[PDB]
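Next up: the same protein chain in two forms, each one alone, written as structure tokens (structure 1, then structure 2).
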Structure 1
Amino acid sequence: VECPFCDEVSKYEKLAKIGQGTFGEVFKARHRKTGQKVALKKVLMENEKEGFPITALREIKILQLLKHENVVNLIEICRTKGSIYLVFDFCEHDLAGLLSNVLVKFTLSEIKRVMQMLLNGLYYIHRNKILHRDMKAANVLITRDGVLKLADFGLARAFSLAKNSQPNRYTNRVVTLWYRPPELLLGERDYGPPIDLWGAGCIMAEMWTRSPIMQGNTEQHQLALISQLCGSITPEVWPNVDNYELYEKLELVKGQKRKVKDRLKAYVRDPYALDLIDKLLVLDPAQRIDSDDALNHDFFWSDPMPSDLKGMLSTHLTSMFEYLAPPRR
């Protein structure tokens, strides 16, 4: 069977597993001729009925559409004469890992550059009518050269730019709990780019806190913490939040006041940074700041200015002795 347009993964040499997923889910590899570092991601099909996963087809279609400096780059789709592999340009680090490793240091300036690339990436995908739907620190990669890439579009979909007519009815259970915006927890099915910016807000907080700020155990619990940090969810700060079916049928604390800046105060410090986080963590999506304005927020245009990530990248080390040994005699 002739197959001139889907090469065998044999052209790459697997080097190592990336992370602790399944048997052969993600592999670091190199092109046998160019030496090009890539990551092979197997299309998982344990659940077989509806054939090739519409979820995979969406990812592929979206990956082939999105081409931008701050979005993960899909090189090609290969096969093993059977599995299918999405081949990506390899990025050495994910943000979740860099932040967990508290030995790595981030200057305010570097944090600025990180958020700038992230917001620029989100602008691009939203401009192209795509919603990421799986924002979280682990899906934000950073290359050895210091370039951030939005990754894992495995749960992304296209949305309609409809200010016009009918209501869209998109899949409601999307986005990891800890990063899920209020509107979704409330049953919203006609959501848009704001669900991703909420995530950009949660991630921004972590740049200082070093770990997810709202780790709910359940949807009801997740809503609890959002109320506790952002302020009770009322029609006063979110007009018409009333109409949500689940608005009633859900335990919902009523006396909470927005404590966003106070709680992050100790961690963040810089007022511009706290203001942007405050605007990103707004309950009502229509009032939540978008990527465009976020990019033009004073945070990115006030001293200290965005800098490259060379410094932060030098604090990432090669082993125990380098991390733990003092710098001297």
Structure 2
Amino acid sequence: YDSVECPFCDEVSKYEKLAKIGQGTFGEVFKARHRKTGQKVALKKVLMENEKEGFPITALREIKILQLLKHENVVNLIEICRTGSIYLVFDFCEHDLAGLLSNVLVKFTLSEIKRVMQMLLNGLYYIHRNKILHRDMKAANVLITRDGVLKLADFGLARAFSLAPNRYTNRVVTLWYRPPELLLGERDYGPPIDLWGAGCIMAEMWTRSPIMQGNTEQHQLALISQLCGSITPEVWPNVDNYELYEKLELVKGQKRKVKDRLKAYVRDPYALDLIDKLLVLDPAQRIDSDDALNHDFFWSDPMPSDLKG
């Protein structure tokens, strides 16, 4: 009944709610305004539905990760607020890439698209450097500030990784941006899976729509083979030892049409070459965050440009 001390956890009432930004009845995510400074923020309530084990361990993980990740291209957790209910408070970001790509009016120059991809890849390089896998790459999880700075967002499915043989969770990542490794049942993966996601997003910068929209995992794996060729120990050395390799009904006459199928939407040869190196089948031969930033795509005309426009 008596009130108790809490110097380090403010009541969320300091913020004034404005409008449910997620709009997908997901997260209980609100835009808000600090009642004193007018500072805009995003509030995510910590879902307590069917929490039988106290504070959700998944929340704890995400919180651990947001606190660790402090970087210009990564969403910023300002603080956690109380009320019983709990809210993650973020710096508000005006736009998010998914919305911009779907908006017919919005239009990117090659120079600006370069900048976006540059910031995004930088973000990945940073989070991986810090032993974190994002595990949910998709345009929707990529925000851009009113000042044109890209922020990687939504670390709810992220997790720390390391060297040891690892046993990680398999059904991570939205279906359309999920990489081959996972769909073949791999549980000892790493940063290469986020790069695959970066690939689908890069291509999405011109197609304005997710390139590979499968209904089921075999359906998705079909689409991928009908873009990057089919899984061969020749193309992907050692795919064999995965139990589901032909046991997932896969074609055999598929030859990579990444550059052909997208030739249309993307003109610039460098852009296509980079996409091609991101959407590689074998995770071990898939280009990494560092090499990507080195790619001539970022060092040719038009050079990458800021984008307040």
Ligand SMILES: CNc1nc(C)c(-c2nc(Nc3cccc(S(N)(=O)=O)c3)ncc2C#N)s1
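Quick note, the numbers are simply positions in structure 1, starting from 1. Only residues modelled in both forms are compared. Basically, rigid core = biggest C-alpha set you can superpose within 1.5 Å across the two forms.
Asks: Looking at both forms of the chain, which one is the form solved without the ligand?
Replies: Pick structure 1 here.
Asks: Does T22 shift between the two structures by 2 angstroms or more at the C-alpha, the core having been superposed?
Replies: Yes; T22 is a residue whose C-alpha shifts (by 2 Å or more) between the two structures when the cores are overlaid.
Asks: Please give the CA displacement of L103 between the two structures, in Å, after core superposition.
Replies: Its C-alpha moves by 1.2 Å once the cores are overlaid.
Asks: Relative to the superposed core, what is the Cα shift for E248 between the two structures, in Å?
Replies: Its C-alpha position differs by 3.0 Å.
Asks: Using only residues present in both forms, find each stretch of at least 3 consecutive residues where all Cα shifts reach 2 Å or more between the two structures, with the core as the superposition reference, and list them in order along the sequence.
Replies: Shifted segment: only 21-24.
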